[PDB]
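Numbers restart at 1 for each chain; the letters A, B, ... are given by sequence-line order, proteins then strands.
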Amino acid sequence: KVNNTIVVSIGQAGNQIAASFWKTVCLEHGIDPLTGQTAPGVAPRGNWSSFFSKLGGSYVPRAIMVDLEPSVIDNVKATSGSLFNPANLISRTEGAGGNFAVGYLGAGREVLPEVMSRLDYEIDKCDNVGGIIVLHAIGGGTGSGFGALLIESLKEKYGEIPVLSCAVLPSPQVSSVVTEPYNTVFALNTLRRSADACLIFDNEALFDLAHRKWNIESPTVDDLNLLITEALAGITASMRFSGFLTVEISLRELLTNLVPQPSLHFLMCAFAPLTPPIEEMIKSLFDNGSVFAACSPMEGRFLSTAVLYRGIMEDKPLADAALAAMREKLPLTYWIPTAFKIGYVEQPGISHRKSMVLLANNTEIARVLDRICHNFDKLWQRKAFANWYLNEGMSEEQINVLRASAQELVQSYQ
Amino acid sequence: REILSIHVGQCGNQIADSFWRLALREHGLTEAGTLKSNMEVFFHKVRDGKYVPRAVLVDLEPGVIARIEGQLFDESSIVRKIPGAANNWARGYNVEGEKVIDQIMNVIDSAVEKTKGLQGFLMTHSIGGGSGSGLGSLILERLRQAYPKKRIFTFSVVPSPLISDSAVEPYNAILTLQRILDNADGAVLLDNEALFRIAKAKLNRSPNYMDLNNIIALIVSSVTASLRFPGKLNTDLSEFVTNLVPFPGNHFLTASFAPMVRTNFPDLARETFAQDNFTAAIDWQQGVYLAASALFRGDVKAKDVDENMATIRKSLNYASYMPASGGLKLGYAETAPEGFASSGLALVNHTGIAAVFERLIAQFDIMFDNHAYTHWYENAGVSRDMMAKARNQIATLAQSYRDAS
Ligand SMILES: Nc1nc2c(ncn2[C@@H]2O[C@H](COP(=O)(O)CP(=O)(O)OP(=O)(O)O)[C@@H](O)[C@H]2O)c(=O)[nH]1
Ligand SMILES: Nc1nc2c(ncn2[C@@H]2O[C@H](COP(=O)(O)CP(=O)(O)OP(=O)(O)O)[C@@H](O)[C@H]2O)c(=O)[nH]1
């Protein structure tokens, strides 16, 4: 038995990204995602118990999906079949609709007890849980509000379990809800306060990464969630595969190697190679645009990077020399010399015979949030769309405190 | 995830006619309800082939409901009331409105009592009539006070600027828009001459109200497209209220549908948010957008939708409190109306719709000071003081739009 990880997904982006995530993870283990049962005659490759459970039996994922509208959960059910436990699937009707306060004080409050009934049911089935991954978009209302409520009640009742968040940020190219600044700042406060770590995505960055660097004239959001899924598969392969040359990395150990200070726990990620199914690949991983966020991280400053290779290793001394050579021309912080965690996995991804995933802590992400904060400067100088936040239960002073906490995070980075 | 549609007045009933004429085969059914993607939000389960659109066609001086029943509705919920609508708001409110409100709300609460879960109401009417104006206002009053947690949306046809079909229609319009303010959290306004010019551009011969109401029907269908056609980036009516209504009483929307078809997507998106493609003649040059919802459906590609930013950074003019790349409620639906591989809807909270309001104000500013038609209200139970305060509320709303620029 190995350290466990429960992935709770909230909101539309979180649930669809989770659907693709366990799709690719199951087909990495040789498990059919649309059914949830293992392939006959084929053993699960790696440590399945970290993210799955033998429910008698079936290799069911330990995923909790909640959404205040039924459409997304029903779509995930249609595209995934009997993979997830219907008990672990909780749905409401009216939705939150871009409103944080609905998921925070409102429908979120009444849907919370069943959600954590399923959650502590799942965690009681865990052997030694060392992390919880919250897959969501903090731009939306259900995602932000219930991610906030869920992580807050976790860290008040638990608190020895690390929390990795995976939040989809608004695209600077286009917004999808006009209350995304509100939801993002409101959930960013509790991500700072409650979640021990957070992973950040951005849609149009994945668009430009999958348009010319995947050979599709116009990729859909399916390919964006597929890129995020490849990122998550590479990141969690350290928690999913064991052996001699490979090193096992728990989410707590990954937390320790990625989080030097309690407030420095928002992470960037990148994937290599950027080709449809070595030194050029080494620079492909660390390109200015290869990160899954709308920024240029090479003028920022990497705090600590987890570089997880997975696949065949024929030139390990030459590749270690390549990492040593590239470290000279990368922005690294002086106060953590051991900023590189070189994780290895013998088994590669399905799409590529050899791949790498970058999971970095960089200061540039702050300026990313800053532009979101800049958007918060527009909806709050005029007091717009904030009537329903007040009506559902939040307050003027509460919103001011949450925005001040987001600014505290941004100034803690710099 | 359930809709009760309210249809008061001749204009609202013809809007409903076209609305279900396209909504039925949008889910693969004929007009009579025979089978030829959760479509149960509009329709109640009655028969395996007959998915009944539970929408009340309540209207004084029925007249047109006979040709509506000739396309099968639920005959029990609808009523062909004893005539006498005139164009008097009070005649649909308290003269003959008081002798129909008990029955119509018995129908409404019988329809919503058998609902697994409701999201709100989509009412189609014309504010310029007497039945769809006064009866609609009374229904709004006794529906907001009955279900304050539900979200009423009104698809109201504002009277035309160029020519009029009623001689008391600004009175009715203002004194119904006041009730729409005090009783609903969402409203899509329709202007007829904009519909005529859009149908002139779309077709090659002279249109009529049926084409205009087909356009209105496409508008209403695409309003709830992301709610009944669940794809990616779903949208809800609660979401419409949260992200299209920046201030408590500012919930009046202007809507454009495109195209007017295996068209290239940049053209579809740039002609969706076209100043001359919207279905309400509002003020664009001096006006600005408060909250634009782009609901694209069909053969839409996510990068295609998100890369069409030229029409937003070039043509769309926003208010100072909205971010330059923001102001977009994006929605994706897997299904588009037939004849369109990919289609788009722009639902904009806009300042210029106040211009719509003010033209009615202008008419009211010349009638009330001259005691023009107010005795028709006074002898019917509606005094001049309540008309004056209703116009005061409407003028305050238009000033709120002018201050939100
Ligand atoms: N990479 C992906 N991003 C997505 C996906 N779905 C949505 N998104 C992105 O999420 C962002 C909006 O967040 P959502 O509205 O989906 C989260 P939520 O359902 O909780 O919002 P409400 O329903 O309003 O409460 C937007 O940028 C979308 O482009 C997806 O399947 N993959
Ligand atoms: N743009 C559209 N306008 C319409 C349509 N039908 C009617 N109208 C116009 O709406 C305006 C007023 O609508 P109505 O008088 O039909 C509303 P109502 O039936 O309640 O009036 P009364 O029955 O006389 O009390 C008038 O210009 C009508 O010609 C339509 O399908 N589309």
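- Salt-bridge check for B:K116 with B:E2: failed, with every basic side-chain N at 4.0 Å or more from each acidic carboxylate O.
- Here CG of A:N225 is found 9.5 Å from NZ of A:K23. Values are rounded to the nearest 0.5 Å.
- A:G30 and A:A39 make their closest contact through O-CB, 3.3 Å (heavy atoms, listed as atom of the first residue, atom of the second, distance).
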Begin with the C-alpha distance, continue with both residues' side-chain angles, and end with the deciding distance and a verdict on side chain to side chain contact (heavy atoms under 4.5 Å, CB included) for A:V7 and A:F51.
-> CA-CA 8 Å; A:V7 176; A:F51 277 66; 3.6 Å; yes
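- A:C269 and A:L359 get closest at one heavy-atom pair: CB-CD1, 4.2 Å.
- With 3.5 Å as the limit, one finds a donor-acceptor pair spanning the side chains of B:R297 and B:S221.
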So A:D196 and A:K155, salt bridge (charged side-chain N to carboxylate O under 4.0 Å, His left out) or not? Walk me through it.
-> CA-CA 9 Å; A:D196 291 331; A:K155 284 302 180 69; 2.8 Å; yes
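- Of the possible polar contacts, one joining the A:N183 side chain to the A:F100 backbone as a donor-acceptor pair under 3.5 Å is found.
- Residues A:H29 and A:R240 bring a donor and an acceptor atom of their side chains to less than 3.5 Å of each other.
- Using modelled atom types and a 3.5 Å distance limit, the side chains of B:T235 and B:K329 yield a donor-acceptor pair.
- With rounding to the nearest 0.5 Å, the separation of CD1 in A:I90 from OG in A:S117 is 8.5 Å.
- Counting heavy atoms of neighbouring residues, nucleotides and ligands inside a 6.0 Å radius, atom NZ of A:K77 exceeds 12 of them.
- Annotation: cation-pi pair A:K54/A:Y59 present, NZ/CZ under 6.0 Å from the ring centroid and within 45° of its normal.
- At least one donor-acceptor pair under 3.5 Å links the side chain of A:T220 to the backbone N or O of A:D222.
- Remark: aromatic rings of A:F146 and A:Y104 are distant, center separation not under 6.0 Å.
- Using modelled atom types and a 3.5 Å distance limit, the side chains of A:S238 and A:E248 yield no donor-acceptor pair.
- The shortest side-chain heavy-atom distance between A:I73 and A:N75 does not fall under the 4.5 Å cut-off.
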Residues A:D208, A:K213; criterion salt bridge (charged side-chain N to carboxylate O under 4.0 Å, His left out); working and verdict = CA-CA 7 Å; A:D208 60 66; A:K213 332 173 196 166; 3.5 Å; yes
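- Under the 6.0 Å cut-off for aromatic ring centres, A:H136 and A:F201 do not qualify, their centroids lying 6.0 Å or more apart.
- Contact of the A:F241 side chain with the A:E28 side chain is registered, since non-hydrogen atoms from C-beta on lie closer than 4.5 Å.
- Within the 4.5 Å cutoff, the side chain of A:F271 has no heavy atoms near those of the A:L227 side chain.
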What do the steps show when you test A:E110 against A:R92 for salt bridge (charged side-chain N to carboxylate O under 4.0 Å, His left out), and what is the final call?
-> CA-CA 10 Å; A:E110 60 90 19; A:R92 293 298 173 263; 3.0 Å; yes
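- Looking at A:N47 and A:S242, their side chains do bring a donor and an acceptor atom within 3.5 Å of each other.
- Here the NZ-CZ distance, from A:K354 to A:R310, works out to 14.0 Å after rounding to the nearest 0.5 Å.
- Atoms SG and CE, from A:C198 and A:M268 in turn, are 12.5 Å apart once rounded to the nearest 0.5 Å.
- Summarising the geometry, atom CG belonging to A:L83 is positioned 8.5 Å from atom CH2 belonging to A:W22; distances are rounded to the nearest 0.5 Å.
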Does the side chain to side chain contact (heavy atoms under 4.5 Å, CB included) test come out yes or no for A:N3 and A:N128, once each step is laid out?
-> CA-CA 5 Å; A:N3 61 272; A:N128 192 356; 5.6 Å; no
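- Enclosure of atom CZ in A:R353 is not indicated, since only 12 or fewer non-hydrogen atoms of other residues, nucleotides or ligands lie within 6.0 angstrom.
- Between A:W214 and A:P219 there is no side-chain heavy-atom pair separated by less than 4.5 Å.
- Taking the six-membered ring for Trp and thresholds of 30 and 60 degrees, B:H27 and B:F43 have ring planes more than 60 degrees apart, a perpendicular arrangement.
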Apply side-chain hydrogen bond (donor to acceptor under 3.5 Å, both in side chains) to B:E26 and B:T335, showing your working.
-> CA-CA 8 Å; B:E26 266 197 6; B:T335 302; over 6 Å; no
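- Side-chain N or O atoms of A:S20 include one that pairs as donor or acceptor with a backbone N or O of A:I17 at under 3.5 Å.
- Between the side chains of A:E69 and B:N234, no donor N or O sits under 3.5 Å from an acceptor N or O.
- One finds the CD1 atom of A:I216 at 4.5 Å from the CG atom of A:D223 (value rounded to the nearest 0.5 Å).
- Residues B:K303 and A:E217 are not in side-chain contact: their nearest non-hydrogen atoms beyond the backbone lie 4.5 Å or more apart.
- Atom NZ of B:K114 is surrounded by more than 12 heavy atoms from other residues, nucleotides or ligands within 6.0 Å.
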Verify side-chain hydrogen bond (donor to acceptor under 3.5 Å, both in side chains) between A:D67 and A:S91, making sure each step is shown before the conclusion.
-> CA-CA 5 Å; A:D67 207 13; A:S91 71; over 6 Å; no
Decide side chain to side chain contact (heavy atoms under 4.5 Å, CB included) for A:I133 and A:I6; before the verdict, give the C-alpha distance in whole Å, the side-chain angles of both, and the deciding distance to 0.1 Å.
-> CA-CA 6 Å; A:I133 294 177; A:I6 297 169; over 6 Å; no
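- When every heavy atom of A:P33 is checked against every heavy atom of A:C26, the shortest pair comes out as CG-CB, 3.9 Å.
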Could you go through the side chain to side chain contact (heavy atoms under 4.5 Å, CB included) check for A:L112 and A:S153 one step at a time?
-> CA-CA 9 Å; A:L112 182 73; A:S153 300; 3.8 Å; yes
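- Under the 3.5 Å distance criterion, with hydrogens and angles disregarded, no donor-acceptor pair is assigned to the side chains of A:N4 and A:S50.
- Residues B:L227 and B:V41 are in side-chain contact: their nearest non-hydrogen atoms beyond the backbone lie under 4.5 Å apart.
- Between B:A336 and B:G298, the shortest heavy-atom contact is CB-CA, 3.6 Å.
- Test A:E122, A:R118, A:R62 against A:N88 for side chain to side chain donor-acceptor pair (under 3.5 Å) and you get one pass: A:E122.
- Nearest heavy atom pair, residue A:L285 against residue A:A270, reads O-CB, 3.8 Å.
- Counting heavy atoms from C-beta on, the side chains of A:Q37 and A:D32 never come closer than 4.5 Å.
- Side-chain contact between A:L119 and A:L154 is present, with heavy atoms from C-beta onward closer than 4.5 Å.
- Residues B:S343 and B:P337 approach most closely at OG-CD, 3.6 Å, considering heavy atoms.
- When only modelled atom types and interatomic distance are considered, A:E160 and A:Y158 share no side-chain donor-acceptor pair under 3.5 Å.
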Stepwise, does the salt bridge (charged side-chain N to carboxylate O under 4.0 Å, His left out) test hold for B:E40 with B:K45?
-> CA-CA 8 Å; B:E40 70 272 12; B:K45 298 293 288 185; over 6 Å; no
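- In this structure, a donor-acceptor pair under 3.5 Å is present between the side chains of A:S9 and A:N15.
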